[PDB]
There are 4 protein chains.
Amino acid sequence: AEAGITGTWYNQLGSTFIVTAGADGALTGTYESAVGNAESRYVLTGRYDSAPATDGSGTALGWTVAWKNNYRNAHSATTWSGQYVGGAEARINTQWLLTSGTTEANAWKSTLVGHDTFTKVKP
Amino acid sequence: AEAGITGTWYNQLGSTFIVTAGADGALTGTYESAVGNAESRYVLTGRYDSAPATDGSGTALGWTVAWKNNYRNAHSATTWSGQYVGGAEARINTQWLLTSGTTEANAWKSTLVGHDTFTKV
Amino acid sequence: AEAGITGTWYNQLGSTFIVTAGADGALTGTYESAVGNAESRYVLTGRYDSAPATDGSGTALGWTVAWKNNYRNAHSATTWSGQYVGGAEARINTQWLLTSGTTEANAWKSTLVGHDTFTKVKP
Amino acid sequence: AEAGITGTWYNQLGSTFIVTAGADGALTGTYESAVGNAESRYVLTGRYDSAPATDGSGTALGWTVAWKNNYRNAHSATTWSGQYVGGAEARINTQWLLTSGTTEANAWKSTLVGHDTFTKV
Ligand SMILES: O=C1N[C@H]2NC(=O)N[C@H]2N1
Ligand SMILES: O=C1N[C@H]2NC(=O)N[C@H]2N1
Ligand SMILES: O=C1N[C@H]2NC(=O)N[C@H]2N1
Ligand SMILES: O=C1N[C@H]2NC(=O)N[C@H]2N1
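Residues numbered from 1 in each chain as written, not as in the entry; some residues may be left out. Chains lettered and ligands numbered in written order. Heavy atoms only, no water.

- Method of determination, as annotated in the archive: X-ray crystallography, at 1.56 Å resolution.

## Structural notes on the packing of aromatic side chains
Okay, so step 1: Taken as a whole, this structure holds 48 aromatic pairs over all chains when the rule is applied.
Okay, so step 2: For the pair C:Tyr31 and C:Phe118, a centre-to-centre distance of 6.2 Å together with 85 degrees between the ring planes defines the contact as edge-to-face. Of this pair, C:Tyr31 sits in strand 3 (residues 26–32) while C:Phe118 sits in strand 8 (residues 111–120); the two residues are 87 residues apart in sequence, bridging distant segments of the chain. Of the two residues, C:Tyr31 and C:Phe118, both sit in the buried class.
Okay, so step 3: Ring geometry for D:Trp63 versus D:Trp80: centroids 5.2 Å apart, planes at 15 degrees, classification stacked. Of this pair, D:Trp63 sits in strand 5 (residues 59–68) while D:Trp80 sits in strand 6 (residues 73–85); the two residues are 17 residues apart in sequence, bridging distant segments of the chain. Taken as a pair, D:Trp63 and D:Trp80 share a single burial class, namely buried. (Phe/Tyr/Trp six-rings, centres within 6.5 Å; stacked < 30°, edge-to-face > 60°. Helix = DSSP H or I, 4+ residues; strand = E, 2+ residues; numbered from the N terminus. Buried < 20%, exposed > 50% of the residue type's maximum accessible area, 1.4 Å probe, protein only.)

## Overview of the interface of chain B and chain A
Okay, so step 1: Across the boundary between the two partners, chain B contributes 44 residues, which contact 42 residues of chain A.
Okay, so step 2: Between chain B and chain A, the buried area comes to about 3,000 Å², and carbon and sulfur atoms account for 58% of it.
Okay, so step 3: Counting the surface chain B buries against chain A, the share from its top three residues, B:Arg47, B:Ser81 and B:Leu97, is 18%.
Okay, so step 4: Inspection of the chain B/chain A interface yields 1 salt bridge.
Okay, so step 5: At the junction of chain B and chain A, the tally comes to 20 residue pairs in polar contact.
Okay, so step 6: Secondary-structure elements contributing two or more residues to the side of chain B that touches chain A are strand 4 (42–48), strand 5 (59–68), strand 6 (73–85), strand 7 (91–100) and helix 1 (104–107) of chain B.
Okay, so step 7: A total of 9 residues in the side of chain B that touches chain A trace back to one element, the largest contributor, which is strand 6 of chain B. (Contact = heavy atoms within 4.5 Å. Buried area = accessible area lost by both parts, 1.4 Å probe. Salt bridge = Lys/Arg side-chain N within 4 Å of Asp/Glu carboxyl O. Polar contact = N/O pair within 3.5 Å; in protein donor to acceptor, adjacent residues only side chain to side chain.)

## Looking at the UniProt feature "binding site: biotin" in chain B
Residues and elements named next belong to chain B.
Okay, so step 1: If you check UniProt for "binding site: biotin", the listed places come out as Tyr31, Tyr42, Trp80, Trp96 and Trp108 in our numbering.
Okay, so step 2: Within the secondary structure, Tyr31 is located in strand 3 (residues 26–32).
Okay, so step 3: Here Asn11 takes part through its side chain, which lies 3.5 Å from a polar atom of the side chain of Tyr31.
Okay, so step 4: When you line up the elements, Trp108 lands in the loop between helix 1 and strand 8 (111–119). (UniProt positions renumbered as here; feature names shortened; annotations may be inferred.)

## Details of the site of ligand 1
Okay, so step 1: Neighbouring residues of ligand 1: 13 residues in total, closest A:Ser15, A:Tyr31, A:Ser33, A:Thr78 and A:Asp116.
Okay, so step 2: Looking at what sits near ligand 1, you find residues from chains A and D.
Okay, so step 3: Between ligand 1 and A:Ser15, the relevant distance is 2.6 Å, taken from an oxygen atom to a side-chain nitrogen or oxygen of the residue.
Okay, so step 4: In the model, an oxygen atom of ligand 1 is placed 2.6 Å from a nitrogen or oxygen of the A:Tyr31 side chain.
Okay, so step 5: Elements represented by at least two residues in the shell around ligand 1 include exactly strand 6 (73–85) and strand 7 (91–100) of chain A. (Near = heavy atom within 4 Å.)

Laid out in structure tokens, this is it:
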């Protein structure tokens, strides 16, 4: 649902996710990470299932943040893939992939995998 | 390099990816998968490092596709994370996450992982 | 440390992991899953860093369970990769990959990825 | 098929994997990586479906390598999960997880993921 996803969300590391769910299935907003070679806000763009099921199923969605802004460039991008679960305590449970740009040689070790949970605060 | 991400790419499954990379890091286009509960094109949006490093590195990028369009709603979303490398042969090497919208009971098995390599061939 | 890893462990799904850490860096034991096309115990085999660092670093380790035993055969295998963190509340935090055997055609969708946390109970 | 997993396999990085598949599902052998903070062989142990399905499916298997041996201790472990397919050309297609032992502060970035394909060539 757009309304449920739109808002301010934070995860266990203390990072901030600000998102708006457009009715066409789009997500736009900013991401502030609490860890990494990252400083300030970064632009995020994603997509979500604007039409989930009447099943207590989560709404699938995903987004990307390239870790480059006007203050820093970390030459990497992360994509979060998870599902939004609404209710009184709405959560977005995800798994993510962080890929750094590398030489063909260190490519075998270019992606880190992790998982974050987001708790909503504001709309 | 970078600006050369714009174009039509194909992966080993025969899926077609059409992207436009914008001056500031945005990625926009349509995706058409050869496999799955998917038909026709789906919209995709992503981001890429618009200022990759000397050095001899690839350009990090990623994008998302919610598999819902005027034809099908497969209640899932896929995100590809990888890097683009240009040269006589340019490719995009990625690892993807496909999450379906499940009930809690099946949440443990909601995400598939795989890897795709795209070329303009 | 072998002693710290050896014991009975359970995760958030309610599955049981019984393991013994041999001094050569080996792990052997049984796994009982609470979910899936699984019934009874399954054999697990793994390896761990018998020599972690004097740094509050976790001990890296991994293990595999082929979901075949005398009662069921699910034609799949899972590998858990994580780190053991000892203390009063010892945990093993992992990320796992579950691969099912498939036809070359459905191979694109043969692996599921997830993460489990194990809490120790007994040695 | 299955019993044919025994042998020496090589992956695209040039790493060598030597395994013995036992009648009941066990996998034993040594691994030697072409890349990383690793030197010589390391011991590996794993498991495989000793009774794969008609159908036309691969045999699911997985194994672990703790990168510690009499030469180096890289304080990490890698697990490969995949399936073996036999035929004139047999391969093992895998996705792996490499976890390093970190302090909590760096736990978020302790696991790398990748994919390897092994052949007997
Ligand atoms: O909040 C964060 N999530 C994690 N994933 C990532 O790429 N950086 C970390 N920060
Ligand atoms: O091209 C495709 N890549 C794979 N991942 C995914 O989500 N669907 C499949 N199609
Ligand atoms: O305890 C379990 N862990 C999960 N991973 C897996 O493969 N099956 C599930 N059961
Ligand atoms: O052959 C290798 N595979 C890759 N994964 C890993 O752990 N080290 C690398 N070497």
